[PDB]
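If you read the sequences in order, they're chains A, B, C, D and E. Here the first sequence is numbered in the numbering used here, starting from 3 and rising by one per residue. Here the second sequence is numbered in the numbering used here, starting from 2 and rising by one per residue. Here the third sequence is numbered in the numbering used here, starting from 40 and rising by one per residue. Here the fourth sequence is numbered in the numbering used here, starting from 532 and rising by one per residue. Here the fifth sequence is numbered in the numbering used here, starting from 22 and rising by one per residue.
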Amino acid sequence: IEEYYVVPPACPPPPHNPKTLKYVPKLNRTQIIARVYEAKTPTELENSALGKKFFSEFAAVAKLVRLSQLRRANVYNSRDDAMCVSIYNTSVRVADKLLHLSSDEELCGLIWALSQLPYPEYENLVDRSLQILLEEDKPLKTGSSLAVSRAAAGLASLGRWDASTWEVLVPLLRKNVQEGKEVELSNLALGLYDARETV
Amino acid sequence: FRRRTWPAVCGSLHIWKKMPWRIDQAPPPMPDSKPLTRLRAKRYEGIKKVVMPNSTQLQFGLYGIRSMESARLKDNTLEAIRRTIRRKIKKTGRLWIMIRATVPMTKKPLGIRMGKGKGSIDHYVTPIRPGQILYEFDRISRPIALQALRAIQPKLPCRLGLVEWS
Amino acid sequence: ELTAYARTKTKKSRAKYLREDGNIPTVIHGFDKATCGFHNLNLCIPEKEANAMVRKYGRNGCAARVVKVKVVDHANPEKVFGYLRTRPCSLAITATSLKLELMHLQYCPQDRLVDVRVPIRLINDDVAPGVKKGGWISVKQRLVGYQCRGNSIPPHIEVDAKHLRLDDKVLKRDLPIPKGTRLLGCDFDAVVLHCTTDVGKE
Amino acid sequence: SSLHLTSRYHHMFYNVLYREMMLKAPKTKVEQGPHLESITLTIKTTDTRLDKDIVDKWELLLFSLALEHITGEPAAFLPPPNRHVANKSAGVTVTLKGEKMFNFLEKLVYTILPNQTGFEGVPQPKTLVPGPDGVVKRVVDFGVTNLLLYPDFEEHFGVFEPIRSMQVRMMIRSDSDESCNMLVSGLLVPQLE
Amino acid sequence: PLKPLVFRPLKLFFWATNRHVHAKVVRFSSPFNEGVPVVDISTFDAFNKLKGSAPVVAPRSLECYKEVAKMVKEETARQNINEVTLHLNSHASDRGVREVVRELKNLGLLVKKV
RNA sequence: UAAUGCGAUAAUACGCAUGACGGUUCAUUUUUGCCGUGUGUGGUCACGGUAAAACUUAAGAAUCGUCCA
Numbered sequence: 003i004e005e006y007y008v009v010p011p012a013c014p015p016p017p018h019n020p021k022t023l024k025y026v027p028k029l030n031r032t033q034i035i036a037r038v039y040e041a042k043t044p045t046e047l048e049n050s051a052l053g054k055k056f057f058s059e060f061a062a063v064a065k066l067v068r069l070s071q072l073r074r075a076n077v078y079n080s081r082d083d084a085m086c087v088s089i090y091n092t093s094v095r096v097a098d099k100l101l102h103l104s105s106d107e108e109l110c111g112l113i114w115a116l117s118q119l120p121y122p123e124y125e126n127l128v129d130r131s132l133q134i135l136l137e138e139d140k141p142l143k144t145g146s147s148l149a150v151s152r153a154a155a156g157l158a159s160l161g162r163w164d165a166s167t168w169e170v171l172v173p174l175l176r177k178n179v180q181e182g183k184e185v186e187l188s189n190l191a192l193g194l195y196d197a198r199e200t201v
Numbered sequence: 002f003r004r005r006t007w008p009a010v011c012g013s014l015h016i017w018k019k020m021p022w023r024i025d026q027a028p029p030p031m032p033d034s035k036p037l038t039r040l041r042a043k044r045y046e047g048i049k050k051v052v053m054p055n056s057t058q059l060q061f062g063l064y065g066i067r068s069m070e071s072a073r074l075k076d077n078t079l080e081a082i083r084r085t086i087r088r089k090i091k092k093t094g095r096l097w098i099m100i101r102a103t104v105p106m107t108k109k110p111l112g113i114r115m116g117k118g119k120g121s122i123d124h125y126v127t128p129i130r131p132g133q134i135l136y137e138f139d140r141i142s143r144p145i146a147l148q149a150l151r152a153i154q155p156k157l158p159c160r161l162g163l164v165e166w167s
Numbered sequence: 040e041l042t043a044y045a046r047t048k049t050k051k052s053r054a055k056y057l058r059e060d061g062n063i064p065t066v067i068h069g070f071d072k073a074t075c076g077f078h079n080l081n082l083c084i085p086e087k088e089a090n091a092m093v094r095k096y097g098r099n100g101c102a103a104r105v106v107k108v109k110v111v112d113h114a115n116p117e118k119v120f121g122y123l124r125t126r127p128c129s130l131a132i133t134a135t136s137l138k139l140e141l142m143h144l145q146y147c148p149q150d151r152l153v154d155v156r157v158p159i160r161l162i163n164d165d166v167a168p169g170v171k172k173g174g175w176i177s178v179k180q181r182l183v184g185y186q187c188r189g190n191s192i193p194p195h196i197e198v199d200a201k202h203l204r205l206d207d208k209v210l211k212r213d214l215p216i217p218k219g220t221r222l223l224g225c226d227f228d229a230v231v232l233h234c235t236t237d238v239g240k241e
Numbered sequence: 532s533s534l535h536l537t538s539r540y541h542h543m544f545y546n547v548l549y550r551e552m553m554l555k556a557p558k559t560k561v562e563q564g565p566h567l568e569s570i571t572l573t574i575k576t577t578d579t580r581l582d583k584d585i586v587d588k589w590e591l592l593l594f595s596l597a598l599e600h601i602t603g604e605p606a607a608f609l610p611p612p613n614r615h616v617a618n619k620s621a622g623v624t625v626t627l628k629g630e631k632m633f634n635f636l637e638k639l640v641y642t643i644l645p646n647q648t649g650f651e652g653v654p655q656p657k658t659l660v661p662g663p664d665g666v667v668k669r670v671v672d673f674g675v676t677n678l679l680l681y682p683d684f685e686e687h688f689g690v691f692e693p694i695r696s697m698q699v700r701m702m703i704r705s706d707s708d709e710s711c712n713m714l715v716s717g718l719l720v721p722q723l724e
Numbered sequence: 022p023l024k025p026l027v028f029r030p031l032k033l034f035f036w037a038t039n040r041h042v043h044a045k046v047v048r049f050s051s052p053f054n055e056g057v058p059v060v061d062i063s064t065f066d067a068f069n070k071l072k073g074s075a076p077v078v079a080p081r082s083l084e085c086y087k088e089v090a091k092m093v094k095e096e097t098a099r100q101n102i103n104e105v106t107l108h109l110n111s112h113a114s115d116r117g118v119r120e121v122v123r124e125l126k127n128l129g130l131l132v133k134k135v
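Put into structure tokens, the structure is as follows:
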């Protein structure tokens, strides 16, 4: 007295049957990044990129960078603060799994974003990013002074004060100041490092 | 107008409300093959005069025959109609039968006075509602359907009509 | 083109007077109350035109067609309120007499998505190995559901049975899918056509 | 403390075997994979020298004691077949989960089954009727016909002489029967096919 | 065999979620009007307090359950509330809720079920 | 109601994560039929009901599936 069961067969969709008749255009990496930055509230930032196809390593960095800008520029209530916490917790965990796929600019932005945000730092996200960029060749070949300026400012705020890394950055920061590129960040980093040397 | 008192409007014990069968508008279900019952019924159970819904159509075939009036048909009548339809249409015809006699009827023998309880089962009947579809056909032509309609009309007490799917 | 007349707000019991005059009540669904003033529009259509449409297309066939509706004043036929593009949805018909009672229509622009139950048609049924042997083609689903755009609604689905033998079955997977439409539901692998010799064992 | 408190198979399943199954059968979610839920050991009257469908409980104490030695956890009497019969049972049973389940499987496969004469492979799984939760489960059933192969019934040979055989069932949760076979193979239990 | 309902001005409510346990004390004037919450303490508040001084494992821990009971006792004592009636529901049988109730009774608050 | 919900050690510190597509379960009273009471040569009558039974097009919510057009 024991009955048995037969699992119904699966239903594969027929070929040449469109999934939707609505117009849903394809999105590339550039479009997703633009969409993420063009956000005004934590809710829009949270919904700017969801799903494993769009919530990639580059999207996680963009969310953290934009979150820092919004946190500094605006004051939020309890509900929005909870939204901000959720954004931070998810983005860092994604970064901890796809860190090896990040580019030089993304790593530089990640360090700057983590320094500004007040939430607890994840396991070793800053240290891992430093190790990948510690070859001393990526900073030298970093054509965009923005990435170098963000990295220099981030470490100064975090108080790393690495002797080797700073020595390389000093001539680069001075060159950027002479060229008039990223003066505010370069000057801020140089001033902070000079203060540390005095102290 | 509804015949109830104020306490009934608020604290009625009739929580599960079912519409009585005599006036329910739901179409009857397809006949099954269950055996006929041996439990006597009441005369109302074999009669129903409410019309069919205004959305009834053919379900399986392309042609069919409907009743324009209510009636109560016995088992003997259906058997004669079935033979007439089968002979008239063909052996190679598709026929759906949508009716069946299932309500028992009682009768008492001659020479018995009134009283001393209800009688014993004698035959079975089925109620027919106005506009109801009785038979459906397929694998035939329209002229053949008309011939079937004319063959059975003299054998039934109600007016009949033709239905087509479109 | 169909002609419709405006109505006053009346009770359900006043509908039988319109039919006696020779008009059938109609309702057009699918408007925006903010910009049009109503979510639904009530009118009446002459019975003579209504019967011609049903006969020409059919009770279920007309649901896959697009029609034009002109609204005019009943007292003055030359006063035109406007024009609408709609598709029939359902028809209410008496069971005892087969007369129209109420017509449901949907406002169907050329850029809207609608669900339509399209009838299935057969081609070259006479020339088929199964028919020659002595079988017949049995249709199990007269209508099949599709999601179509307003500008492209298939009048019917053409299924060719010129190369079907006995026991051949055509499932939903094999049905044509014209441009601008997709199959609805998930119950694929459902029998639509069947070439057999059984006659129901009657 | 010179006591057996760990589980070798438990470490193997989660730290070694689980990843391999994921690579062989990719799934969208991590938890979507083969899992072993419980193992049930049953001894009925038909597997004993006693010849009767319904027997008194005092006659089944010996078999209940035998399961305790094999499993290390007390066993329970089967429910009476009807309310009229109260003091008579029809066998004993015990259910194991977690670390205790894995330890029993390791000992059975490594030592006892290889020494059983007519063993080729365990039967194919059978699918049961889903319960109210709607989860499909497969069961693999086999029996051990020589219970005197364990090294524990030697201390009192006369006491455990009547012990003859036992039945074993394993419950597995997986997406398909093929996944069940993959898990069984990972457990080092040959399957008869 | 459901008992008749009895109206009480002060009632104690518990809401047990996946992560925390919430306790509220609400005053009522009639069943037809909304109440006024006078105490609102959850294990979230206790976790933030203890973690700074004494490390705890998680909000749903024995240390936090006792801490929540203590904080509830202080608020009721300050407002001169000594007797409350507990509202019984499915969440009332949670292990975390039962620990809080036991602590409250030992502290001195009189909690009645009926 | 993100101090949410769900989980295959199921405990909750850890895992999935609030968008987007697809499939399921839930307004001129939508307006026709139908039912009840009153009156009636058996209907060219009146009012009400259907949150009792048949019948329209939506929009939203709750799961579920998904590297996402």
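Quick reminder that beta carbons are idealized off the backbone N, C-alpha and C, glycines included.
Terminal residues of the alpha helix (DSSP H) in which residue i lies
i	result
D:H600	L592 to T602
B:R84	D76 to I90
E:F68	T64 to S74
D:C711	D708 to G717
D:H566	Taken as a continuous stretch (DSSP letters only), D:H566 belongs to no alpha helix (DSSP H), being part of the beta strand (DSSP E) at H566 to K575.
E:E88	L83 to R99
B:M69	Careful: B:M69 lies outside any alpha helix (DSSP H) and carries neither H nor E.
Interface flag, residue i vs chain A, CB-CB below 8 Å
i	result
C:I216	yes
D:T624	no
C:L82	no
D:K657	yes
D:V561	no
Buried or exposed (CB count within 10 angstroms, at least 16 for buried), residue i
i	result
A:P44	buried
C:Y185	buried
B:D139	buried
D:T579	buried
D:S533	exposed
A:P17	exposed
C:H113	exposed
Limits of the beta strand (DSSP E) - the one that residue i falls within
i	result
E:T38	Element bounds for E:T38: n/a, residue is neither H nor E.
C:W175	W175 to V178
Min CB distance residue i to chain D below 8 Å
i	result
A:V96	no
Proximal residues of chain C, C-beta to C-beta of residue i below 7 Å
i	result
B:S121	By Cβ distance, chain C contributes nothing, its closest Cβ being about 33 Å from B:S121, past 7 Å.
B:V52	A134 and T135
A:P20	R221
Contact set between residue i and chain B, taken where Cβ atoms lie within less than 8 Å
i	result
C:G239	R95, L96 and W97
C:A229	The contacting residues do not exist; C:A229 stays about 16 Å from chain B at best.
Cβ of residue i within 8 Å of any chain C Cβ
i	result
A:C13	yes
Within chain A, partners of residue i - CB distance below 9 Å
i	result
D:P565	Simply none; closest approach about 16 Å.
Proximity test, Cβ basis, 8 Å: residue i and chain B
i	result
C:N62	no
Within chain B, partners of residue i - CB distance below 9 Å
i	result
C:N99	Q58, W166 and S167
Cβ-Cβ separation, residue j to residue i (assumed contact under 8 Å), whole Å
i	j	result
E:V27	E:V118	Not a contact, Cβ separation roughly 21 Å.
C:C225	A:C13	6 Å
B:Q148	B:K89	6 Å
Listed by chain order, chain B residues near residue i by CB distance under 7 Å
i	result
C:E140	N55
C:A73	Per Cβ cutoff of 7 Å: no residues; C:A73 is ~33 Å from chain B at best.
heavy atom of the ligand PLP below 7 Å from residue i C-beta
i	result
A:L52	Judged by which ligands are present, the structure shown has none, so any question about the ligand PLP falls away.
Residues that residue i contacts on chain C, provided the C-beta gap is smaller than 9 Å
i	result
B:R140	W175, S177 and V238
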